[PDB]
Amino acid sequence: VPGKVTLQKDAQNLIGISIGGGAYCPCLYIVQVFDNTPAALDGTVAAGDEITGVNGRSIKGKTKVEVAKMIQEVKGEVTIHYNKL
């Protein structure tokens, strides 16, 4: 089911997730949510979750590195658009 969540960036400029996909494998997922990060303490997102945009912008046909870039550049807080596992 589609949702979205705004995550604060930690002092290390992280929300605390890894990602995979974004390849003949075009969908993009959260693979890990790291303990003690803003994404782990929020509780909204989880492994399995499909990522679909990043501050109102789609990630369609972006590489995993491209989406990592996208996310890191957004400072303070970021809004991850998802479809729940």
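The first residue of the shown sequence is 1; numbering continues from there.
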Flanks modelled, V74 absent in at least a third of other entries
no
When the other PDB entries of this protein are compared, is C25 left blank in at least a third of them?
yes
Zero if continuous, otherwise a range: how many residues of the deposited sequence are missing coordinates between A23 and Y24 (none, 1 to 3, 4 to 9, 10 or more)?
1 to 3
Of the two stretches 55-63 and 33-41, which shows the higher Cα B-factor on average in the entry?
55-63
Looking only at CA atoms, which has the higher mean B factor in the entry: 1-9 or 74-82?
1-9
Quick one: classify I15 as lowest, middle or highest third of the chain based on its Cα B-factor.
lowest
